[PDB]
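A short write-up of the structure that comes next.
Values quoted throughout were computed directly from the atomic coordinates according to the rules given, and no laboratory measurement underlies them. Here Cβ is always computed from backbone atoms with ideal geometry, including for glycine, and neighbour counts include all displayed protein chains.
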Amino acid sequence: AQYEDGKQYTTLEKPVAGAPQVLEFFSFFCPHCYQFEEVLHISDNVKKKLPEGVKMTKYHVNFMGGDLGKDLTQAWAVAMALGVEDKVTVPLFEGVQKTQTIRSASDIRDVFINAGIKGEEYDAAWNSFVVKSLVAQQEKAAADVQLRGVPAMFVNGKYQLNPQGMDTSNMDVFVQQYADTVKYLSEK
C-alpha cells in the first residue's frame, strides 16, 4: 500500500483496550521531543488534521533524567490538573535543555510561578491525591505499551507511529506526513 505496517507505523502485538484515541509520550529531557514541540509543533499539527470527536492526550515519562525526570512527571500532572500545559511546556523544555536552570523540584516550581500560577495553588496541587492518580495514569499508560523510548505516539492503543520511516529532508513535509499518518490510523 502507501501506508504499510512496519513503515510509517508499527502494530502492537497485543492491543491496549480503552486507550485514549490519540496518545503521545514525551520527556522534557528528550532532545527530539524538544524539536517535536518547539521546532515542528507535531502535536499542534496533528490536532489540525484529526477529525473532531477526537481527544488528544499527552503524558510525561520517568525513565529519563532520573530523580528530576520523576519530579517532572509530577509537575506535568500539576499542569494537566490546573490546565496550564500550554503555559509551562516551553519554559520547562528550555530550562532543562537550553538554559540549564532546572536542577531541582524547586526550579520546576519557579517556572510555574513565573508563568503566573500561584504558590499556594501549585503546592496544593503538587501534593493533592488528584495529582497522585494523574501521575499514576501517566505511568500506567506507559506501562501498558512497555514504552522504552520517546517521543512516542499511539493511535487507539493499537498503532504506533514510526517516524524513522518518513522523510526528514524537509521539516514541513515530515510533519504533514506524520499528521496524515495519524489521520489515517485514526480512521482505520
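Of note:
- Taking the fewest neighbouring Cβ atoms within 10 Å as the starting point, the ordered list for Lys132, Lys47, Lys58 is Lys132, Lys47, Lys58.
- Calculated over the chain: convex hull of Cα atoms, volume per residue (Å³): 120 Å³
- The value obtained for the stretch 108-181, namely the Cα convex hull volume divided by the number of residues, is 155 Å³ per residue.
- Computed over the stretch 138-188, relative contact order equals 28 percent, with contacts defined as Cα pairs under 8 Å that lie 6+ residues apart.
- Candidates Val22, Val155, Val130: whichever shows maximal mean-square fluctuation once the chain is modelled as a Gaussian network with Cα springs under 10 Å: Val130
- For the chain, the relative contact order is 40 percent, taking Cα pairs closer than 8 Å that sit 6 or more residues apart in sequence and dividing their mean separation by the residue count.
- Loop sites here are GluC sites (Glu not before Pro) outside DSSP states H, G, I, E and B with no more than 10 other Cβ atoms within 10 Å. The longest part of the chain free of them is 53-188.
- The tail of the calculated P(r) for the stretch 36-115, taken as Cα-Cα distances beyond 20 Å, holds 35 percent of the pairs.
- Antiparallel DSSP beta bridges within the chain, percent to nearest 5: 60 percent
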